[PDB]
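Chains as they are written, first to last, in full-length UniProt numbering: chain Z, 2 to 81; chain U, 224 to 335.
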Amino acid sequence: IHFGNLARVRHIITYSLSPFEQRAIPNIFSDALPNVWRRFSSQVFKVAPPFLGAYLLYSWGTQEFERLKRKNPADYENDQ
Amino acid sequence: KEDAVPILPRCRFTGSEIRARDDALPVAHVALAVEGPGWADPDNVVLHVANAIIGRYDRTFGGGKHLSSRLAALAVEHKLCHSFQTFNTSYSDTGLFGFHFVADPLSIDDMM
């Protein structure tokens, strides 16, 4: 029994309609997408940054590793 | 125009709910209904016969656990409510067929 002991609530009214009287995925353009954008926007500058920094570090370290496998001509300039 | 009886624009029924909650009230009231046929329909007779089968109850009915109304018996046996009533409220072109019961906060679900 967890329904009826939860909280003391007073004066709130709610209106809802049967699933059969309304559309499942309504206003995709007027409401849906705008918010999807809203949400994306609000977050991008919090998430994206450290991932971008992670990328660079990866890129650097990867390339730097290959450069150290290549030969430096300055070791054979007087090997005649 | 003077001796012409105006036809009323029809009212649309909607399956839906409205919950006015106030835990500060002693008991809770719930009413549920489907759309009715309207005065003219013969079916209204059968509908009333139907509500006759379900009937109504209220803590003072002495018949108690022996009432013929099953819902009433259960209501008694399991202390389901303080009272309940069926109804077939008709109107010109529509109506409301349903029930309304009064119960304590913790017996609302079983009653329904």
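Idealized CB from N, CA, C, for every residue including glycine.
In the three-state reduction of the DSSP assignment, residue 13 of chain Z falls in the strand class. Interface annotation, residue 240 of chain U: in contact with chain Z, CB-CB separation under 8 angstroms.
Beta-bridge annotation (DSSP): residue 318 of chain U is paired with U/313. The continuous stretches of beta strand (DSSP E) do not include residue 67 of chain Z, which lies in the alpha helix (DSSP H) extending over residues 34-68. Chain order gives the chain Z residues near residue 237 of chain U as 18, 22, where near means a beta carbon separation below 7 angstroms.
Any Cβ of chain U closer than 8 angstroms to the Cβ of residue 10 of chain Z would place that residue at the interface, and such an atom is present. With its beta carbon at least 8 angstroms from every one in chain Z, residue 260 of chain U lies outside the interface. Per DSSP, the beta-bridge partners of residue 239 of chain U are Z/18. For a Cβ distance threshold of 9 angstroms, residue set 240, 241, 242, 243, 244 of chain U lies close to residue 15 of chain Z, ordered along the chain. Around the beta carbon of residue 303 of chain U, 16 or more other beta carbons lie within 10 angstroms, which makes this residue buried.
Within the same chain, Cβ atoms closer than 6 angstroms to the Cβ of residue 294 of chain U are found at 277, the five residues on either side in sequence being excluded. Around residue 5 of chain Z, the beta-carbon contacts reaching into chain U at under 7 angstroms are 328, 329. At the C-beta level, residue 307 of chain U and residue 323 of chain U come within 8 angstroms of one another. In the three-state DSSP reduction, residue 293 of chain U falls in the helix class (H, G or I).
In the pairwise beta carbon analysis, the stretch 242-253 of chain U is classified as not touching the stretch 22-39 of chain Z: fewer than three pairs are separated by under 8 angstroms. The stretch 311-319 of chain U makes contact with the stretch 256-265 of chain U; the number of CB pairs closer than 8 angstroms reaches 3 or more. Excluding five sequence positions before and after residue 271 of chain U, the CB atoms of its chain that fall closer than 6 angstroms to its own CB belong to 311, given in chain order. U/258 is the residue among U/269, U/327, U/258, U/299 whose C-alpha sits nearest the C-alpha of residue 234 of chain U.
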